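Working notes, beginning with the structure itself.
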Amino acid sequence: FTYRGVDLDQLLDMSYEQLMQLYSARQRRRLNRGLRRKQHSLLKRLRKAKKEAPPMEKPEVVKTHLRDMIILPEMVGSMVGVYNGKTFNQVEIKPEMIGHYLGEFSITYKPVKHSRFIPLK
Amino acid sequence: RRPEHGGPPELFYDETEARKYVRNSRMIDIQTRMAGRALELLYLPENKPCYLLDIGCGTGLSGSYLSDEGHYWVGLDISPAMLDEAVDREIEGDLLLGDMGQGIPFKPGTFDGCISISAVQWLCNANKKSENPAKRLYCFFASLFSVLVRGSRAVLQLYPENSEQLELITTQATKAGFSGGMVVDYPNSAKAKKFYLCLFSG
Amino acid sequence: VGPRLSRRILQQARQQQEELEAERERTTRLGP
Amino acid sequence: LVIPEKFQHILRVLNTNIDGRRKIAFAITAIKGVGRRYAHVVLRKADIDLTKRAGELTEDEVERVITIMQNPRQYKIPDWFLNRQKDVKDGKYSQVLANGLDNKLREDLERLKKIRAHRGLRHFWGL
Amino acid sequence: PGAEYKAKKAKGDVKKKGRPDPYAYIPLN
Amino acid sequence: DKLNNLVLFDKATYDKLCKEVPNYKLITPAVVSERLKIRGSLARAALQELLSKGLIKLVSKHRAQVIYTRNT
Amino acid sequence: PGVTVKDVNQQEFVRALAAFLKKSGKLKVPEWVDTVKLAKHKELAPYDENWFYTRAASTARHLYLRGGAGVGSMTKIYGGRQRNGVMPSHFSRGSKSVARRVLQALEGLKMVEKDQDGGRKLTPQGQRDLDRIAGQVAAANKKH
Amino acid sequence: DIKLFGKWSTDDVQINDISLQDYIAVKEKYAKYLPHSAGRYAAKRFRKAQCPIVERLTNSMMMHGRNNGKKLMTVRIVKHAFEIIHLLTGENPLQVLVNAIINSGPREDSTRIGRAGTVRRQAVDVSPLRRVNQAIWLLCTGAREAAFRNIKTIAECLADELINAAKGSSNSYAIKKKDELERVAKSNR
Amino acid sequence: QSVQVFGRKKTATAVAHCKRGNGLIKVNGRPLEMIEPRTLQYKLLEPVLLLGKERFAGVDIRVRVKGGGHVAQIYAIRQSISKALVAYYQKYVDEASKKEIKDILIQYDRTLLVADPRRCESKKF
RNA sequence: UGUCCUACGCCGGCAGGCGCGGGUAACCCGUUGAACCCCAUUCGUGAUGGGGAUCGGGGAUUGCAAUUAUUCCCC
């Protein structure tokens, strides 16, 4: 797998400052505006779940309300239980969602699911 | 504003207005769905088409809907221009030309059904001094009651513009011996509101 | 005519009068 | 003017019929992947008088136009003028026209369906 | 005259589920 | 119904416009395109070519309408 | 006794000035000639390939009629009717950089420089240039 | 002398209809260079009888939505139409225009009456001012819905309609509608 | 010495200077025949061809405009020219010439002396 | 109507940035240079160079946050 002509192995090594060109406009502006601390604490919890799990199966699920967080290229190997309004939808982080958010995997509304008179006299 | 204010039906629905009439997909849609509602309205037996007097068919779009399901019909019309337009549409049913108010010229106990498509709201007014509207409506209703099979069903689609016209048509129908009533499609609506005279013999 | 229209008319007439009456360095030195 | 003896009514471009009964700025617009503005900038780059019809176009003109079509980047075009310039899989500067565009949209929809994001799953539910 | 099918909160013709599509039937004399 | 106006002047229609545009008594792109079954752009281009030849006189110039008359 | 731009019609004067600038050959020309639209409300490329010369003649006309106006006023002059889809149409301004490059080209033709009280003002030899080109326009038009 | 559009003369214009001297207002005193006058000709009763027929014709194509306001294109269209008529009939287009006005006037039509449901038509007469008004409107409808979907220009369509109405041929929509009006008047005496 | 007059319209206001000269007609620093809407050019030729171009060869007129649209400005220009000539031939020339000019110019059109008193009515709640 | 209105210079075709001024206001934006209309070219009766919906991608702007396309430009 490659993303914008860049493989995952060098994507992990490629750093925070030059993330700008490999992204789209919106998350580039979001990273330029200054990233906050709550999603840093979420990253810390995700990685703390990632350390002590044994490395021959998928680690423990990390759950949150954060629907609007930018997926880093180093997210590959996490399990995110994202809120939707009632429950936690827990989803596998494949390498293919680097440019996406967490809101489009947690849908807040259900799909919608929606005889003639005959005279006798 | 309305086609009834333009003049007589023999001369208003001429070559060019019928030519612009057939090229109107909105007219196609409304005519097919009103023809479907009219065919669903009468309680004809299933798997057995009936002998229907199609009055006011004109271009025969309702007649085309009848012929699409395997039914058969004969058409009575008053304008030759849109009659020729219907002929040019490779239509299957037969067509007759004449004034329906002078009397239906067929034998009694013949027609198992009657389909009127926008032809009863036409005749309420008079465009000639020799034509009496009450006499014309009474003669048309009496001839229609004569030619119908006893127990057949007659549906008449209309859009009256006031309650007095409906009063005259209903009193002519109830003085002609027809038994039935009035069915309105969405009475509290404006775009979807249609009027349907339903009649039978006995 | 009206207030605004007459004001515009008199302003344009004064402008035309000044333009038709029309057809250096500031003297910083007090004494020559 | 008088018809040429080599006048064609229908050309075969990108395995597609192209009507010569149209302007050169709009006959090429018939095939997908190119509209009016891209046709204008190409024919202005191709140094072609725009008043000509499409039926008297010589051969050498149509292969030079098609070699503009495959690799216009070397012919001094702005690079934000393109459709697929930063692809998610392999970021490379490109312009798909007739069958490449269908493959691009198909792989976009199947990528969205595979990752079960909201956009592609709503597209799947919409049809 | 279709009083059961007239919406109380709106002008129009509201559907009912137990009964078929909205209409109004009146007899002749 | 569906019109089939030609996109370029064939030899035959070029011959009739050579021997017939001096005598119609009225010249405009509309009736030329109507009766010759030709593209209106070709009709207007043909009349600019013919006034370059100078055998039909101008009456007035406008972006939407051009009107012409006989020499005699 | 000498004629004026105000004493001649506008369009043939503008195209004559554009022709004189074309056979002058000393204008600087951008590399983005045939890939540019001069406004955001434009839909197509201009059909005139040599539209920079007409643009230069037009901006020389508008600077001669009123000087001291820069790029922003020039974009205000050539704003048009933006048909933004099914939204109601509105008014849009012209492109700043195209008019900027054309006016810098006229600055390079020693026809215009800056002004201390505002935008750009034109050279007096620009007034002689427009004077004798208006003379030749009046000779070719009013004497014919 | 005052000539319309620089080349049309109002001196040779003669009104053949005896009833319409004072309603077709085109003579030496009504002679104007241009139909654009912007005079308050509708704020008083029977004032538009003094309006020039060319000005009423330019007010007539000022119709049908998008064309409202834009009368400079209208006077351009009628100038081209006057040129086309003068090139076709070989004489003054004003005579063709007034002949078309005279020949396309509905002289008798039907009014609608009725007390309760029964509506009949009574044969009534049309005033000469309304005759001119209905003739102008009928030529307007003929010019507008004549072609409406092809290369046929509005100016030459208006010229053809005016020429065929002046000649009295059956090709004119105005002539056919007028003849239908007197025939249905005769049908409803 | 000279005479200054004004011409009015809905929102188009014009000033006009008439003086001695060889018959020069100028509007906004331009001659009268190249105002941008060419179609109403005969309107700009309505006053002078009403009187005769040989008579205007002693008067030079210059008109400046501000406000209004195109045709409103044209009407203001022609009304201002007409009132400039009648004022010039009233104050400086004998009364008979002014009287005959006024008579012919009032039997031709009404608006050429006093403009049409029409304006947009304001909207109130 | 304004400390958000912006004059002007530089960069990028445009979306927009950078720099320096004017303005708490008939002073600066702003002789408030707008659209329709006017002149010339191309188009030409064709679901067509009309109409633009619904889509894909990129870029930029606004903000704690834009995914359920905030918004704009282009294809």
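Quick note on naming: the chains in the structure tokens go A, B, ... in the order shown, residues restart at 1 in each chain, and ligands are numbered from 1 in order of appearance.
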Determine, counting only C-alpha atoms (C1' of nucleotides), which protein, DNA and RNA residues have an atom within 8 Å of an atom of residue H:141; residues of the same chain fewer than 4 positions away are not included. Present the result as a tab-separated table (two decimals) with N, CA, C and O atoms, in the first residue's frame.
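Generated output (part-v2.tsv):
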```
chain	number	residue	atom	x	y	z
H	137	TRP	N	-52.51	44.10	-31.01
H	137	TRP	CA	-52.24	42.92	-30.19
H	137	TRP	C	-52.18	41.65	-31.03
H	137	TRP	O	-51.37	40.76	-30.75
H	145	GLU	N	-45.45	34.43	-31.57
H	145	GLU	CA	-45.59	32.99	-31.70
H	145	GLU	C	-45.57	32.51	-33.15
H	145	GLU	O	-45.97	31.37	-33.40
H	146	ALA	N	-45.14	33.35	-34.09
H	146	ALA	CA	-44.99	32.90	-35.47
H	146	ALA	C	-43.90	31.84	-35.58
H	146	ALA	O	-44.20	30.69	-35.91
H	173	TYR	N	-51.74	35.18	-38.86
H	173	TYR	CA	-52.47	34.74	-37.68
H	173	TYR	C	-53.50	35.78	-37.25
H	173	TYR	O	-54.60	35.43	-36.80
H	174	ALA	N	-53.16	37.06	-37.40
H	174	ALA	CA	-54.08	38.14	-37.05
H	174	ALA	C	-55.33	38.11	-37.93
H	174	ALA	O	-56.45	38.26	-37.43
```
>> I need the residues of stretch 82-133 of chain B that end up classed as strand (DSSP E) by DSSP on the backbone, written out as a PyMOL selection string.
In response: chain B and resi 94-97+111-117
Could the residues in this selection be written to a file with N, CA and C atoms, as a PDB file, in the first residue's frame?
```pdb
ATOM      1  N   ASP B  94     -61.207   2.465 -32.597  1.00  0.00           N
ATOM      2  CA  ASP B  94     -61.938   3.192 -33.622  1.00  0.00           C
ATOM      3  C   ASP B  94     -62.316   4.586 -33.128  1.00  0.00           C
ATOM      4  N   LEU B  95     -62.570   5.478 -34.085  1.00  0.00           N
ATOM      5  CA  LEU B  95     -62.866   6.875 -33.804  1.00  0.00           C
ATOM      6  C   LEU B  95     -64.132   7.297 -34.539  1.00  0.00           C
ATOM      7  N   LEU B  96     -64.989   8.046 -33.845  1.00  0.00           N
ATOM      8  CA  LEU B  96     -66.209   8.596 -34.420  1.00  0.00           C
ATOM      9  C   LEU B  96     -66.227  10.104 -34.213  1.00  0.00           C
ATOM     10  N   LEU B  97     -66.814  10.815 -35.174  1.00  0.00           N
ATOM     11  CA  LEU B  97     -66.891  12.271 -35.146  1.00  0.00           C
ATOM     12  C   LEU B  97     -68.347  12.704 -35.061  1.00  0.00           C
ATOM     13  N   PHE B 111     -73.028  -1.152 -24.385  1.00  0.00           N
ATOM     14  CA  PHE B 111     -71.779  -0.760 -23.748  1.00  0.00           C
ATOM     15  C   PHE B 111     -71.747  -1.207 -22.292  1.00  0.00           C
ATOM     16  N   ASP B 112     -70.689  -1.929 -21.923  1.00  0.00           N
ATOM     17  CA  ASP B 112     -70.488  -2.353 -20.544  1.00  0.00           C
ATOM     18  C   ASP B 112     -69.798  -1.295 -19.693  1.00  0.00           C
ATOM     19  N   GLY B 113     -69.396  -0.174 -20.281  1.00  0.00           N
ATOM     20  CA  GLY B 113     -68.770   0.885 -19.514  1.00  0.00           C
ATOM     21  C   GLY B 113     -68.667   2.156 -20.323  1.00  0.00           C
ATOM     22  N   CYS B 114     -68.510   3.265 -19.605  1.00  0.00           N
ATOM     23  CA  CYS B 114     -68.377   4.572 -20.236  1.00  0.00           C
ATOM     24  C   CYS B 114     -67.237   5.341 -19.589  1.00  0.00           C
ATOM     25  N   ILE B 115     -66.331   5.852 -20.419  1.00  0.00           N
ATOM     26  CA  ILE B 115     -65.170   6.613 -19.980  1.00  0.00           C
ATOM     27  C   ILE B 115     -65.304   8.001 -20.588  1.00  0.00           C
ATOM     28  N   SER B 116     -65.504   9.014 -19.747  1.00  0.00           N
ATOM     29  CA  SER B 116     -65.556  10.397 -20.204  1.00  0.00           C
ATOM     30  C   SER B 116     -64.342  11.133 -19.663  1.00  0.00           C
ATOM     31  N   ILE B 117     -63.550  11.706 -20.563  1.00  0.00           N
ATOM     32  CA  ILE B 117     -62.305  12.379 -20.214  1.00  0.00           C
ATOM     33  C   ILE B 117     -62.445  13.835 -20.642  1.00  0.00           C
TER      34      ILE B 117
END
```
>> Ranking B:182, B:123, B:87, B:57 by minimum distance to residue E:26 and counting only C-alpha atoms, which one comes first?
In response: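 Going through B:182, B:123, B:87, B:57 one by one, the smallest distance to residue E:26 is for B:182.
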Show me a table, sorted first by chain and then by increasing residue number, of the residues of stretch 3-74 of chain J having an atom at most 10 Å from stretch 64-78 of chain A, each with its shortest atom pair and the distance in Å to one decimal, counting only C-alpha atoms (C1' of nucleotides) and written as a Markdown table.
```
| residue | atom | partner | partner_atom | distance |
| --- | --- | --- | --- | --- |
| J:65 | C1' | A:68 | CA | 6.8 |
| J:66 | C1' | A:68 | CA | 9.3 |
| J:67 | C1' | A:68 | CA | 7.3 |
```
> So how far away is atom CA of residue D:3 from atom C1' of residue J:47, in Å?
Replying inline: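 Distance between the two atoms: 29.1 Å.
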>> According to DSSP computed on the backbone, where in chain I is there alpha helix (DSSP H)? Give the residues as a VMD selection string.
In response: chain I and resid 41 to 44 46 to 51 70 to 91 95 to 108
>> Can you pull out the residues contacting residue G:30? Cut-off 12 Å, using only C-alpha atoms (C1' of nucleotides), and skip same-chain residues under 3 positions away; I want them as a VMD selection string.
In response: (chain G and resid 27 33 to 36 52 97 to 102 104 to 105) or (chain J and resid 13)
> Nearest to chain C: which of J:10, J:31, J:60, J:20 is it, counting only C-alpha atoms (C1' of nucleotides)?
Replying inline: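 Looking only at the distances to chain C, the closest residue turns out to be J:31.
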